[PDB]
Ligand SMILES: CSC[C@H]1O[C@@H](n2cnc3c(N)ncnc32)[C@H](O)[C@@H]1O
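A single chain comes next, written as structure tokens; it is the form deposited without 5'-deoxy-5'-methylthioadenosine (MTA).
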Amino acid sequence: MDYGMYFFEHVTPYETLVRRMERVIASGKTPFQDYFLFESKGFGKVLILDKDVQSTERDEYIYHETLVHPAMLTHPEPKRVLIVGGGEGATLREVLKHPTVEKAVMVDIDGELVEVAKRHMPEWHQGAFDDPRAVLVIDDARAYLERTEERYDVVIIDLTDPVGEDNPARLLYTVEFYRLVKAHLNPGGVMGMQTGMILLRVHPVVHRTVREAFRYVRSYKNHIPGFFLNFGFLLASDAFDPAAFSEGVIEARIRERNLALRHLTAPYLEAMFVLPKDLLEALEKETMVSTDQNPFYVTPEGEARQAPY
């Protein structure tokens, strides 16, 4: 590789990605995490939060379409949506493409980070924060949910894995959190979320934990170019099986809502739910359920742990 500026990205405890930085646009520290935003010749702008890549300019459409539309499209008519996380503004951008959306509330803990995105990541938000239907709330998701009582048709959880024992993210991955979320869902409501990278137990544990809160839980996956990783996601609902696709339905909705998709197609979306034998077994055998009493977290070595926070 060429000499020069590079960022050392943690991927696993045995593999590290060294990404070339052409120029550093912004780097700093908020009261919640460190951030690094740099120009790369391949993926364009890259945002690092702490030690892990958070998003890249040229592949984020894949991640955000994958994260948002399966839940939005499986819901016959989403009017009110709640986004937990998604600080770059792109999750909101995709949510706002559905014409039935009347209100989209985004709740994020780090206001300073959101400001970084607003000023240096216009490629992501593309003016979504200034949409009259959008409402930004800087606060702790649980705190907000515990206080508020408004309900939603769709809730999109776009958070980072609870890696690290002292990581407060642990409290956002417990069965109680998912029940709190479910409490804020209108009848027929669906929840969509990024559920950790998949590599030969974060995703299976999250799937199992969510299943302790919802009747129907369906894992789906997609390779995210800029992360160099296969990521797991899931849809959850008590009102119906979100992955029981009826012939032609998803396709009809995409056309009807005039969604401008660059990555997904109706058939590709449904194919994301077709899982390989090894993943199915991992999901099937998982027994750990994260709880407020004993919140699960991943060790630096990538192991599933559980004990009081």
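A residue's number is simply how far along the shown sequence it sits, counting from 1.
Not pictured, yet referred to below: the form solved in complex with 5'-deoxy-5'-methylthioadenosine (MTA).
When 5'-deoxy-5'-methylthioadenosine (MTA) is considered in the entry with it bound, only one residue from 87, 162, 196, 192 comes within 4.5 Å through any heavy atom, namely 87.
Taking 238, 176, 123, 110 one by one, only a single residue has any non-hydrogen atom within 4.5 Å of 5'-deoxy-5'-methylthioadenosine (MTA) in the entry with it bound, and it is 110.
Although the partner is absent from the chain shown here, 49, 139 and 172 each have a heavy atom within 4.5 Å of 5'-deoxy-5'-methylthioadenosine (MTA) in the entry with it bound. Of the heavy atoms in residue 33, some are within 4.5 Å of 5'-deoxy-5'-methylthioadenosine (MTA) in the entry with it bound.
Residue 54 belongs to the set of residues with a heavy atom inside 4.5 Å of 5'-deoxy-5'-methylthioadenosine (MTA) in the entry with it bound. Between 153 to 161, 229 to 237, 212 to 220, 182 to 190, the stretch whose residues reach within 4.5 angstroms of 5'-deoxy-5'-methylthioadenosine (MTA) in the entry with it bound through a non-hydrogen atom is 153 to 161.
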